[PDB]
Every structure is written in structure tokens, then in C-alpha cells.
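Encoded as C-alpha cells, the structure appears first; notes follow it.
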Amino acid sequence: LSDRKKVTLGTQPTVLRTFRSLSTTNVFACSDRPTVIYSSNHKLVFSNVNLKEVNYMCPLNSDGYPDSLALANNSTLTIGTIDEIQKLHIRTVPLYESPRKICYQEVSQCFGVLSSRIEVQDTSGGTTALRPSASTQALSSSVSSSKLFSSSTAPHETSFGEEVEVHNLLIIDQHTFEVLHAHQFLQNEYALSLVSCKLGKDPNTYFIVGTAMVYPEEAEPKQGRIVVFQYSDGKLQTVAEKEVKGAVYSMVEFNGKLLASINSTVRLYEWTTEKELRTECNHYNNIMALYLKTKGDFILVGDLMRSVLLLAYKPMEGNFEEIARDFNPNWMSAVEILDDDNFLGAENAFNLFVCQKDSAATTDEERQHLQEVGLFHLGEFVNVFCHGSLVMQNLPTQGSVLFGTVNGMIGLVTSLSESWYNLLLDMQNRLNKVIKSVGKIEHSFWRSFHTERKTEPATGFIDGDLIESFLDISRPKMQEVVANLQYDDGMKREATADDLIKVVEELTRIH
Amino acid sequence: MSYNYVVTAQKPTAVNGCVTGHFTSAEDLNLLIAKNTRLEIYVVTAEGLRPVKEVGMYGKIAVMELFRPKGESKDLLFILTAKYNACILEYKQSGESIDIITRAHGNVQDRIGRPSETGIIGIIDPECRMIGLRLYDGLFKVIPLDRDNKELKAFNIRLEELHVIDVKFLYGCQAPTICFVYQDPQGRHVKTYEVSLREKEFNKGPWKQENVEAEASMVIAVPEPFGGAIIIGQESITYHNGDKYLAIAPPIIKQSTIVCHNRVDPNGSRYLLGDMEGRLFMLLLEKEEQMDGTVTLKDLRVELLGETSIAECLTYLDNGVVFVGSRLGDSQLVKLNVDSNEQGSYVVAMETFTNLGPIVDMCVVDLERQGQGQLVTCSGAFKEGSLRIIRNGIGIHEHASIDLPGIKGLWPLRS
Amino acid sequence: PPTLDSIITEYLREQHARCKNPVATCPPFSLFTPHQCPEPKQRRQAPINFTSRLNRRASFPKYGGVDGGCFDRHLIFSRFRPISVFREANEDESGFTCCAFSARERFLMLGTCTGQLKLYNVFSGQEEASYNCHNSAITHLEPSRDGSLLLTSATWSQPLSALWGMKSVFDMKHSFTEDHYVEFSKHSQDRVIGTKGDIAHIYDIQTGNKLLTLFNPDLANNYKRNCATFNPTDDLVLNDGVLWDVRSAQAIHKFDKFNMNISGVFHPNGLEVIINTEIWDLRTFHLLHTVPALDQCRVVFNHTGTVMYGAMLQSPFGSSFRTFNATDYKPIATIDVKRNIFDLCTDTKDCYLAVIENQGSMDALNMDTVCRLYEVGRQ
Amino acid sequence: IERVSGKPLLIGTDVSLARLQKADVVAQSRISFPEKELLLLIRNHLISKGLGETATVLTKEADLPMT
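Chains as they are written, first to last, in the entry's author numbering: chain G, 623 to 1017, 1023 to 1116, 1119 to 1140; chain S, 1 to 415; chain W, 1001 to 1314, 1328 to 1392; chain U, 813 to 879.
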């Protein structure tokens, strides 16, 4: 027998069995934290189930479930089988057209997807599509009306059908994921932003689609509109509309008000009772205001070329206010507020950085300058940021930010405590002498912040994927990781093997 | 200060470059898929694919290509990262110990220079004598492939021509030579050269090709029997071997840009070609045995083969099995028939591979009011657009509901 | 006599002469259909609109398509907006000559007619520390990147250029009485070069001796405004439009004179040499290009070296700006500044333009020369 | 103009420099065409101008797609 290792399961006696689901001899852990032991991308790593508590299992013979097993608990009995065992089970709902954005209705049970369909132009008829996508094949359709861009002679006649784009708003069912309804917009009208919130004391919960009018052989567009939709009883309805000179790039809800971002202008709205909008204020010191993120009363703006921008809102003053601004020209990709002090941003140079609202505000000049605290080369283009963990709320670190990229790489960004930062960062520089990486590349050299002009070494962040590789290292090499080091269990202790590996498993259960 | 923690939830799935060869052992065909930073090493079996060892490297694998230098039964692998850090690898196996050994490395970057417009291009010589690279827009870095490089030496032989579109090494002609597709200020053409390693300088090239198609996009060198070059353009396909020439502009290749290619047959008898709409083609070549030893080209055929996902890899494996790798969604393994189907396609769908694609928006949402959330990601592109729902754990949800709490066991009885 | 083989051949060739962008190895023709050579329909090129590039970069690499960053620089250097104007409210009318930013971009070192440089906070707009630098005036003024040194050259004072010091103590740490225009070395800043007339001297900073003075009497062009500079690899010098290999003190290649004033500059790619309106090569020495909108303008590049700035030195001086690209030299913008531009410096971090403009009419008796800060990329 | 460009052999045509590199490529192109594209035009001429008793004799020499 080899050495033992403690794994936490719960507070009750557990059961460890194996069986035949359909084939391949699956192994299950009947416990208060019920896991499937057998595989995780061909590796002995636990993965949970969608059951709260499992005590026993029973090999039945169901007439509607072949070779499945029932599970005895302190609760009901569930005749179920197990599919291909992996951590991240992925389910595909194809639409055969490019999805733009995604929102969610909490009251109504429907998604909202902006999409994009490629069509060629017919000579006699208007246009035609190229394949029966899930845009036309819906349960009901509609068309944009009230032609309020009729005075412009800008849509000139084209010669051939050279692949114009037609966008629509897919409203997708909650459980069946069938496309309930689509809504075609105007000709040459893209849709660039989608939020679904409540505005004012009107008890409805709307869809708001920020659209823009595009034309080729042209610079930046100056047309477009913002249209408020609702979905009362299986029927999408156009309630309001507001023609706005300029492309509407990003929208957020802001304290019962709709915040917009319209060609380097941040325009706050206010939903009146008469189903219209009144502009509350504006901001103009922007190159191209492409992003908006809010938390409370602060507003985070991601510019085209410049940077992270922090913009206040004083409700007693009725206008906005520039708190601070970073000056270093980073080309933005995605921004997200972390904890109302620190602001995370993405860059076209495949990099991450955190800016910080300053504290020692000894003058007005040293408090209008954001400070870049932390630099990191996540070698991948970050499109999205969002909140929300993927694990169970059992009621460590603080907060959880996931991100979405152009290569299908989801990762998690979360906030540490200042003691565990120095704990782990001392482990990395010890781990950077043990694992010989393939290619003989220094990890400090790869993660270094690398624009076209700066090569500052990486600081502030903890590259967890290197620390998660400590679990795979053998003990004759893990003992050389555990040098004369520190351990905080205010107090002081030399580092040991069995407790540093406990730290990583506390991190690995985040993901 | 602010201190944060970054891990990887889902490993990157979209693929970038796919190379076949014999990387694991002497007599076993395999596949080397690099995706973003991972290097997957499969093997080609009679049933499909079978993984061997997945290796994560520190950098975006931009250019990879296998090569067997003269003196090794097995072959070697060159990988250049996005931060210009080059390496030469070798698989080595001993029982359960399966290790990758770097044979040479060394950062190769110039202090000054605009990087590129066509990205990074890297070509291995067919005679395995040098390793060429297009890196900094006005230079042609040459890595002299020998055992002398315990770290990689480098030359920078100046391209007098600035805006180079594509570049390949031509096949066996007793001297390692280079083809271009160069955009002149007035027109565009295809010029050649000849690298002298002992003198660090271009010698005289044998082809001229003073004016080719105005949207020529790639060079496909044809091998040792009837060597030459095929210049795929937007609307036409040419061929040149110094003297002879053919040209077709078939009505199939009109509506989409050819972006990928591979050499199906080892004597260059066939060539697959994919596009930006999903179509696979096949550029057939008619081998004309004109004389007692002369092998020359006679005809150029384009045959539609059917719709796949939007390819960026294209690798023919064996037994009519083609791997299609897709950045834009659902990389799949397909099979080419002999006869046709009801639609004339030869492409048989086999097992696919899930790609989260270009994620363009997300939302974390719960649909069972639990403590565990789901993530709906707008994945894919033009026709591969798909919402993808991501959950941890194991989804036992098709379950029968039986009111038996606290029962000790259920045991079968049969006749 | 001809045959129908020759007649149908000539008939197709007279139809082939209508081809915009013709080919050489043409496909086999079709007598029953018209013949049109394949025109370029750009599919890999990024779209002209900005929102169409913005949707495309969400599922494609860095910029959106082939030549995508070029369009991103057209929309972003074709607009400017004045933020602050910095007067000289001491004798009620401004007397500035030369402008530059500091090494930390907080202060901007303007330069008076009297020979003193006056610091100004870019945020406050306040006089902070004047410095009695020169007797005559300030002609040229550039700092170093580490923030320890400062080169200023004067108009007629008996020491003509002075390497000052800007760490915390302000002193002439080395003195020159000779050169009309001094300049650092680019990558490794331990060398300062300077030029009087047609003679250019290489100096050290540590001891200030003459390192190597380079001049060939058989070969000089005798430009009116000679300014010897360095390439960014710190190996080549443009004295009198002649290259100079600084490894062994030899001349390389004289250029052909065309414009009587300007001795040239290096392009930041390390591949070219920009004489006044003639664009040359560094290794083949061939005239690649000729941009006639570069007619006698002093050029300033971005720190990344991605755009070229142009200010006319024509008598008026600079009735507008001139925004160029660094790759294909296509003109982006000529923004009309109604006054007369006298000097121009830009940020390292691409946000402001230091612009010395003259008020009033063209008056040599009364000069009210103010500094007006623009913002990059704002309407 | 002749010396610094693509050598016109004393022909006065399209003297502009952008139009001079057009005429070098058009004149040096290799125009080819199959025999079918002419013989179907020969037959469609001979039937048209009355002289038809070689047209059914031209079917002996080559395939005839259209009656």
C-alpha cells in the first residue's frame, strides 16, 4: 500500500460504488458532495452531479431507461444514467447564423439573441438568403416599420448582390430552446448592443436594442436608433423608439436609467411616463466610447485608443463628473469593474491590467490620474467579461470574474488576500526552477506585458495554471519546491508538503 | 495594492494549423493539432483518433511543421511562438516515461522593424537544409538547419521586395530555391531567388512570371516528378514550371476565397482546397507520361466535393479520411467516398469536435434555482453560429421520480 | 497574307486591352462570351466602415482584416481639438520660440524669445520654474528619455548649444560654442551629435570630447539647413545627405540634391532615408517613392513610428498641418490652423500636440507667439 | 520615354506611363483558344449565308451540337 490522503466529503458516512451505466464501467461516489470518480479528461479528478445528496444506488431495470440505476437517499429515488463524463458538459443549440449578443429575462422565460444573416440581393425581388437558418425558420416573424430614415438619399442602388447583412432579434424559448420569434430590422441596420432591464416605475420588463445604420464606402456612421421592445404573451411588441444621430455601441442599466454610448458620447436617459426618453446629461471627452460597465453610481468607460476611464454621476448635480482617467494608450477590448476600487481591462495586444482609483489625493492632479497596478500577458483576445461563479454556493478568494475569448478559452479572474499573494508568488518563483517547460521558455518572459512599445515584466496577478500544475509533480520534486519558506498558520511556520498542497486544492475547487 | 488570480476554466478549443507525419515513432502516422497554446499529439487508427500526449507550451503556436533531417529515422518538429521564441523538439518514449525534449532554441527577433501584414510565414526546405521565416517585413530570416545549433543561429537576408503575400520552397531542383507572390507598386508578379548559405546572399532565380492575377493569394509547390508551382488566386488557377503554363478559371471557384490546401497523394496527383463558405474542392492533376522518362502536366480539374465547416486546417490522413479544423466552429473529421451521394458530395460526416469558437457574449444564468450556475456563450461564426450551454458536474436529469425515502436497497428478481 | 488564326488572335487581344489589371498567362478564351480579366474584389480586406470592422474584430484577429489598422489610423489622426492655450502673461504678449514635452509628460518645456525656458504644468497651466538658459533665444530643445539630460541650442549666443542637467540641479554639464543643432543618439543615448554648417561632430556625454568628426570635402551637398542625425540602430549618420558608417569613419553613398534646404532624416523602420520629398533605400539606394506634399516640411514621427507629422516651413510658415502614414505615405489630414505654425512636438503617449503658433498678421515687428495644445483624435 | 520604360519599338500608341505598362503585357500575352469555338462559328456562318451543303459535310469532320 502507498501513502494516504484526506479528501473532504461531508459530515455523514459515505458510500463508494461502481456499476454499468451503459458501458465502460463507471464509478460513483455516493456522498454529501456526490462525485463521479471515474474520469475527468482521462484523469483521476472528481466531478460533481446535479444532485444534492446521494446515499445508495440501486441496479434496476427500467422500461424507459435502459441499464440505468436508481439512487436511494434521504429523499426520492432517481432512475438515471450517466453520459460522457467530463467537467464542462457542453450542449449545442445551432442557429446557422452569427449570434451577436445574449441577454436574459427573469420574469418572462425567454432569452434574447441578436444575430446576423448574410443575404445576396435579387434583381426583381429585394434579397434572398443562402441557407435556411434559424432566423427565417421561427414560430413568428415581424418587420421594422415607421420609416424615419426616409429623407436620406444614402441607400444608392447596388450593381450585384454583394453580400449585405440583415440582422434580427432572436427570442429563444427557455427549456426547449426553440426560436419563438424573430424581428427583422431596417435595411442596412446593424444591432450593436442589447440590454433587458426595467426603467422607471413602469412594472414591465423590456428589451432594449441599440441599433445603427451602416453603409459601405463610408467612415463612422451618424444615424441609428434605440428601440424598446416587450414580449407580452408570446408576441414581441415595439413600444418606443428614439432616432439618435450616431452608432449606439454599448448599453448598461444605471440606477433605473438607461445609459448609452453613442459615438464617443455617453448619453444618460430617463424613461418618462409617456413611453419616451429625455436626455439627462452627456459626456464628451472620449475618442470612441465603445464600452460601459457600472456598479452603483460609478461608470467605467473603455475608449478606442486611450484606456480605462472612470466617470462619476452626482445625482444632486444632475450631470456627470470626471473622477479620473488613465493616460497610457491601450487599445481596449473589454472592461469590467472588480470591487469599486480596481478596474480590469483587456487589450488588442492580448494583455490584462488593473487600474486603481488613487488614495493619496494630495492635489487635484494626483487624483485625476489612474495608476496601472498589475500587468499580465494572457496570450489570448478577451471579448467578454461577466460575474458569477460556476460552482456551488456552499453558504478563500473574493469575487469571481469569468471571461470569453476568441479561441474558446474560458478562465476565471478573482481577488486574493494580501497574505496569500505573497504565499503563492513565492511558490511560483520556486516552481519556475522545477518544471522544465517544453521549449525552454521562462514563464516570466512569456507572461510579460508586451505592447508594441513596452516590455514591462508581469506583476500583480497570479498565474494559477502554473500553481495548479503543482498537483502533478512527484514528491521527490515537490520536496524541493518546499524550501525554507513561510506559512501563516499572524503566526509563523516553516512550509511543509501536506499543507501547501492543501492550499492548491482550496484553489482548485474554485475551478 | 490589488492582487488577483487567473486560471483556465475551459482549455482553448479553436485550432490553428494541423500537421501530419511520423512524429511519435518510425512507422506510425499521427496528427499534431495546435490550438492556441496546446499541442495535441493524436495517432491515426483504423477507428478514428487516439490521443497520446497533450503538451501546453508558453506561447501562441504560430508556425509548426514536421521535418525529417538526413540522419534520423524519426522526424523533428519546429515551433515558433508569437513572441518569436523558436524551438526544435523531439518525441522520446521509454516505457511509461513519455517526454518531449527540446533540441535547440533561442529567441529570434530583430530590434527594429514593422512585423507584417500577412502575418508570420514559415517554410521548411524539402531537402531539409534550412528553415525560412518571414517575420519583419523586408527581411527573410534563415535558420541553417544543422547539429551546429545548440542555440539557433540566424541570418537576415534582405528581401528587396517589400510586401510579400505568400512564399514557399520549390521542390527538388538540386538547389534550395524560393517562390514569392510579390505586390509591385504597379501590378503584382511572382519572382524567385536562390539562397547561398555559405555567402548569405540571393543568387539568380530561374522564373520570371512578370504579371499574375491581381488577387493571387497562395503558392502550392508540386513535388519531385513534375515540380513547379500552382498560384491559386481569387478567380483563377495557374501553373508554372519555368517554360510551360496552364490556366483554368472554372465556374465553381467564383464565390469564395480558397484559404487552405494539402497534398493528398505523395506524387502530387491530387490536392484538396477549402474556402470561406464551407466547400471542399479537389484540384486533380492529369499526369502526362509524354516520353520515356518525361513526366509533364496536361490538365487541371476542379471537382466540388461538398460542404463542411469553415476550415483553417486541412489534413488528409489515410484511407480517404480528411481532418477539417475550424476556427469558426465545429472542427470535424470527414471521409471521402468513391461514388457519390444524392447530392453528389463525397464527404461523409464522422465524429466531430466541440468548439466554443469565437465567444462574443456570455451570461451567467441559473435555470434550476440551485447554487450552481449555467453559462450560455454565443459561439461560432457565419454558419456555425450556435449557443452553447456550459455546466460543471454530471447532468443526470432524465430521472424517474419514486417516493421511497430512506430505503436500504432494491435487488432484482427474474425468470 | 493573314489566316483566321491570326485574325481571331488579334480580335481577342484588342478586347484584352480593355482589362483593368491584365494578366500574362491568361485562361483559354471564349468567343461566345465577353472577356473580362479578373478585377480585384477585396474579400480579405477589412471593411471601410468602422462599425463593420468592430463587429468583425469580435471573431477575427487583432484589427479585423488585411489593412485594418490603417483605417483605424485614418479616423483617429484626422481630427484634433484645442484643449488649452498657454500664454506668457508677463509683458502682456507671448514670446515663445521652441516647444517640447518633458521626459515624464507632466511639464512641457516652452522656450521664450529672450533665451529662457519656462516650465508649465499640463494640468494646471501655471508657470512653475523659469531657467535663465541662453542670451539670444531658444532654437532647438529636446530632453532625454531617462530624464537626466537636456539639449538646448541658441540663436547667436557665444556658446551655441548647451547640455544642461535636469535631475535636480540645473547646470551646463558640458558646453559647445560651435554647433547650430545638437542631437542625441537614439537607442543608446550616450552620444550627442551636433552640426555646424557642413561639419558634424560626435561627442560623448561622459567627457565631452570630440569622438569622431566626419566630413568629406569631395562629396558634400552643402545644404542650407544641415542636421546630422542617427539611425535607430545607432550606426548611420545623415550629414549633408551622405551616409556614414560609424564603425570605421567612412562615407557610403551620396544622394542626389533636389531642394536646396533639407539634409534628410531617417524613417523609424530602419529601412529608408527621407530626404525632403524623395524616399530612398538603405541597402539598394533606389528611389522608391516621391511624395510632393512633403515639399519643405519638418517631419516628426510618433514614438511608435506609425504616423508622420508635417508642418510647412515656407513669408508665412505653416498655414495648416499635414498628417501622414508611416507605411505607404498616404496623406491622412491637413487640418487648417489659421495662424502660422512655428514649431511642433508631440507626446510619447500620443495624446497632445505642442504647437507654437503666432498671433496677429505676418509681423516681424510684433510677434505674439503662443502655445496651443491639441488633443489627438477628438472632434 | 522609350529608354526608361518597357521598350516600345517605335509605335505611337498610349504614351502615358500607366498606359505603357498595359501595352507591354497585352502584346506579350499568349492568347490561345480551342478549335471548337471557331468551327461552330464557321458552321453558323455557312448555314446563315445560304451555303449549306458543306454544313452537313462539316459534321463529318467534327461533332455538331446544334442542328
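All residues carry an ideal CB built from backbone N, CA and C; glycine is no exception.
Exercise for the section: Note down, in chain order, every chain G residue with its Cβ under 7 angstroms from the Cβ of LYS1062 (chain W). Expected result: For the purposes of this step, residue 1062 (chain W) is taken as residue 62 along the third sequence, with counting starting at 1. Those within 7 angstroms of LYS1062 (chain W) in chain G are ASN970.
Problem - Buried/exposed call for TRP411 (chain S), threshold 16 Cβ in 10 Å - result: Stepping through the second sequence from its first residue, residue 411 (chain S) is reached at position 411. It is exposed - the Cβ of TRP411 (chain S) has fewer than 16 other Cβ atoms within 10 Å.
Practice task
Taking the CB atoms as reference points, tell me whether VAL735 (chain G) and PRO721 (chain G) lie closer together than 7 angstroms.
Solution key: Here residue 735 (chain G) refers to the residue found at position 113 when the first sequence is read from its first residue. Here residue 721 (chain G) refers to the residue found at position 99 when the first sequence is read from its first residue. Cβ atoms of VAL735 (chain G) and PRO721 (chain G): closer than 7 angstroms.
Exercise for the section: Output the distance between the C-alpha atoms of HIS711 (chain G) and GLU1045 (chain G), rounded to the nearest integer angstrom. Expected result: Translated into positions along the first sequence, residue 711 (chain G) becomes position 89. Translated into positions along the first sequence, residue 1045 (chain G) becomes position 418. Going from the Cα of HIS711 (chain G) to the Cα of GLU1045 (chain G) covers about 34 angstroms.
Practice task
On a CA-only basis, which of W:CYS1113, W:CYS1364 and W:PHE1285 is nearest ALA1154 (chain W)? Give me that one, please.
Solution key: Taking the first residue of the third sequence as position 1, residue 1154 (chain W) is located at position 154. Minimum Cα distance to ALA1154 (chain W) is reached at W:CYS1113.
Practice task
Would you mind stating whether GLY172 (chain S) and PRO206 (chain S) have Cβ atoms separated by less than 7 angstroms?
Solution key: Position 172 of the second sequence, counted from the start, is the residue given in the question as residue 172 (chain S). Position 206 of the second sequence, counted from the start, is the residue given in the question as residue 206 (chain S). Result no, Cβ atoms of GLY172 (chain S) and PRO206 (chain S) do not sit closer than 7 angstroms.
Practice task
Could you name the residues of the same chain whose beta carbon sits closer than 7 angstroms to that of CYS128 (chain S), not counting the 5 residues immediately before and after it, in chain order?
Solution key: Translated into positions along the second sequence, residue 128 (chain S) becomes position 128. Answer for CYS128 (chain S): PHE67, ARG68, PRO69, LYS70 and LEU145, listed in chain order.
Problem - Where the beta strand (DSSP E) through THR916 (chain G) begins and ends - result: What you label residue 916 (chain G) is simply residue 294 of the first sequence in a count that begins at 1. 913-917 is the span of the beta strand (DSSP E), which, as asked, contains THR916 (chain G).
Practice task
Kindly list, in the order they appear in chain W, the residues whose Cβ is closer than 8 angstroms to that of residue 1021 (chain G).
Solution key: Looking at chain G, the numbering goes 1017 and then 1023, which leaves residue 1021 (chain G) without any coordinates in this model.
Practice task
Decide if the segment 171-186 of chain S is in contact with the segment 110-130 of chain S; the criterion is three or more beta carbon pairs, one per stretch, under 8 angstroms apart.
Solution key: Yes, the segment 171-186 of chain S is in contact with the segment 110-130 of chain S.
Exercise for the section: Could you pull the start and end residues of the beta strand (DSSP E) that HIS711 (chain G) belongs to? Expected result: Within the first sequence, residue 711 (chain G) is the residue found at index 89, counting from 1. For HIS711 (chain G), the enclosing beta strand (DSSP E) stretches over residues 711-716.
Problem - Contact set between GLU398 (chain S) and chain A, taken where Cβ atoms lie within less than 8 angstroms - result: Absence of chain A from the displayed structure is noted, the protein chains being G, S, W and U.
Problem - Residues of the segment 49-62 of chain S with Cβ closer than 7 angstroms to any Cβ of chain G, in chain order - result: For chain G, the residues of the segment 49-62 of chain S that bring a beta carbon within less than 7 angstroms of one of its beta carbons are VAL55, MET57, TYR58, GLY59 and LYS60, in chain order.
Handout entry: Pairwise C-alpha distance: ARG1043 (chain W) and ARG1053 (chain W)
Key = Your numbering for residue 1053 (chain W) matches position 53 in the third sequence. Your numbering for residue 1043 (chain W) matches position 43 in the third sequence. Straight-line Cα distance between these residues: approximately 13 angstroms.
Problem - Residues in the segment 832-849 of chain U having any Cβ partner in chain S nearer than 7 angstroms - result: So the close ones are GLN833 and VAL837.
Practice task
With distances taken Cα to Cα, identify the nearest neighbour of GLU1178 (chain W) among W:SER1168, W:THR1207, W:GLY1147 and W:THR1213.
Solution key: Mapped onto the third sequence, residue 1178 (chain W) falls at position 178. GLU1178 (chain W) has its Cα closest to that of W:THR1213, out of W:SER1168, W:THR1207, W:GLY1147 and W:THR1213.
Handout entry: Any non-hydrogen atom of the ligand ADP closer than 6 angstroms to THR352 (chain S) Cβ
Key = In the structure on display, the ligand ADP does not appear, and there are no ligands present to speak of.
Handout entry: Inter-residue CB distance, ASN1021 (chain W) and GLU1039 (chain W) (contact presumed, cutoff 8 angstroms)
Key = Indexing the third sequence from 1 puts residue 1021 (chain W) at position 21. Indexing the third sequence from 1 puts residue 1039 (chain W) at position 39. Contact holds; Cβ gap of about 6 angstroms.
Exercise for the section: From the DSSP output, read off the bridge partner residues of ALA229 (chain S). Expected result: Taking the first residue of the second sequence as 1, we reach residue 229 (chain S) at position 229. According to DSSP, which records beta bridges pairwise, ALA229 (chain S) is partnered with S:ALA221 and S:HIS240.
Exercise for the section: Decide if the segment 827-844 of chain G is in contact with the segment 876-885 of chain G; the criterion is three or more beta carbon pairs, one per stretch, under 8 angstroms apart. Expected result: By the Cβ criterion, the segment 827-844 of chain G is in contact with the segment 876-885 of chain G, since at least three pairs of Cβ atoms, one from each stretch, lie closer than 8 angstroms.
Problem - DSSP state of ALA1311 (chain W) mapped onto helix, strand, coil - result: By 1-based counting over the third sequence, the position of residue 1311 (chain W) is 311. Three-state result, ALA1311 (chain W): strand.
Exercise for the section: List the whole-angstrom C-beta distance separating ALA82 (chain S) from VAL108 (chain S), where the pair is believed to meet the contact cut-off of C-beta under 8 angstroms. Expected result: Residue 82 (chain S) sits at position 82 when you count from the first residue of the second sequence. Residue 108 (chain S) sits at position 108 when you count from the first residue of the second sequence. Actually they do not touch by this definition, with Cβ atoms about 13 angstroms apart.
Exercise for the section: Using only alpha-carbon positions, find the residue among W:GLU1370, W:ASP1360, W:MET1312 and W:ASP1349 that is nearest to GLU1105 (chain W). Expected result: Along the third sequence, one-based indexing puts residue 1105 (chain W) at 105. For the residues W:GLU1370, W:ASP1360, W:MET1312 and W:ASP1349, the minimum Cα distance to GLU1105 (chain W) belongs to W:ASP1360.
Practice task
Have a look at W:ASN1379, W:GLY1241, W:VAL1066 and W:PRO1143 and flag the residue whose alpha-carbon is nearest the alpha-carbon of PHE1255 (chain W).
Solution key: Reading the third sequence from its first residue, position 255 is the one you call residue 1255 (chain W). Relative to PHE1255 (chain W), the option among W:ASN1379, W:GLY1241, W:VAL1066 and W:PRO1143 whose CA is nearest is W:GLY1241.
Handout entry: Through-space distance from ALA249 (chain S) to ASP299 (chain S), alpha-carbon basis
Key = Your numbering for residue 299 (chain S) matches position 299 in the second sequence. Your numbering for residue 249 (chain S) matches position 249 in the second sequence. Looking at the backbone, the Cα of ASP299 (chain S) and that of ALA249 (chain S) are separated by about 13 angstroms.
Problem - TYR906 (chain G) classed as buried or exposed, judged by whether at least 16 other C-beta atoms fall within 10 angstroms - result: As a first step, residue 906 (chain G) must be located in the first sequence, where it is residue number 284. Around the beta-carbon of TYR906 (chain G), fewer than 16 other beta-carbon atoms lie within 10 Å, marking it exposed.
Handout entry: Exposed unless 16 or more other CB atoms sit within 10 angstroms - verdict on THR1125 (chain G)
Key = Reading the first sequence from its first residue, position 496 is the one you call residue 1125 (chain G). So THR1125 (chain G) counts as exposed.
Exercise for the section: Could you check if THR177 (chain S) is buried or exposed, using at least 16 other CB atoms within 10 Å of its CB as the buried criterion? Expected result: In the second sequence, residue 177 (chain S) corresponds to position 177, counting from 1. A buried status is given to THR177 (chain S), since no fewer than 16 other beta-carbon atoms sit within 10 Å of its beta-carbon.
Practice task
Measure the alpha-carbon distance for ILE1037 (chain G) versus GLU958 (chain G) and round it to whole angstroms.
Solution key: Residue mapping note: residue 1037 (chain G) aligns to position 410 of the first sequence, counting from 1. Residue mapping note: residue 958 (chain G) aligns to position 336 of the first sequence, counting from 1. Rounded to whole angstroms, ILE1037 (chain G) to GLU958 (chain G) spans 15 angstroms at the Cα level.
Practice task
Please name the residues in the segment 1005-1026 of chain W whose beta-carbon is closer than 8 angstroms to at least one beta-carbon of chain U, in chain order.
Solution key: Listed by position, the residues of the segment 1005-1026 of chain W near chain U (Cβ gap below 8 angstroms) are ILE1008, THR1009, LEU1012, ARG1013, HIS1016, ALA1017, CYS1019, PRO1022, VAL1023, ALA1024, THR1025 and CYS1026.
Handout entry: Sub-7 angstroms separation of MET1109 (chain W) and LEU1141 (chain W) beta-carbons
Key = Position 109 of the third sequence, counted from the start, is the residue given in the question as residue 1109 (chain W). Position 141 of the third sequence, counted from the start, is the residue given in the question as residue 1141 (chain W). Contact flag set, yes.
Handout entry: Bridge partner(s) assigned by DSSP for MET64 (chain S)
Key = Mapped onto the second sequence, residue 64 (chain S) falls at position 64. For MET64 (chain S), which the question treats as bridged, DSSP gives the partners S:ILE79.
Practice task
Name the residue from W:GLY1194, W:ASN1049, W:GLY1111 and W:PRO1061 whose alpha carbon lies nearest to the alpha carbon of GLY1001 (chain G).
Solution key: On the first sequence, position 379 is the one that residue 1001 (chain G) refers to. When each option's Cα is compared against that of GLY1001 (chain G), the closest is W:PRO1061.
Practice task
For the segment 169-197 of chain S, enumerate the residues whose C-beta is nearer than 9 angstroms to any C-beta of chain U, in chain order.
Solution key: Taking 9 angstroms as the cut-off between beta carbons, the residues of the segment 169-197 of chain S near chain U are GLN186 and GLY187, in sequence order.
Handout entry: Outcome for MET1375 (chain W) when other beta-carbon atoms lying within 10 angstroms are tallied against a minimum of 16
Key = Position 362 of the third sequence, counted from the first residue, corresponds to residue 1375 (chain W). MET1375 (chain W) is exposed by the Cβ-count criterion.
Problem - DSSP beta-bridge partners of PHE1086 (chain W) - result: To locate residue 1086 (chain W), count along the third sequence from 1; it is residue 86. For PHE1086 (chain W), which the question treats as bridged, DSSP gives the partners W:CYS1384.
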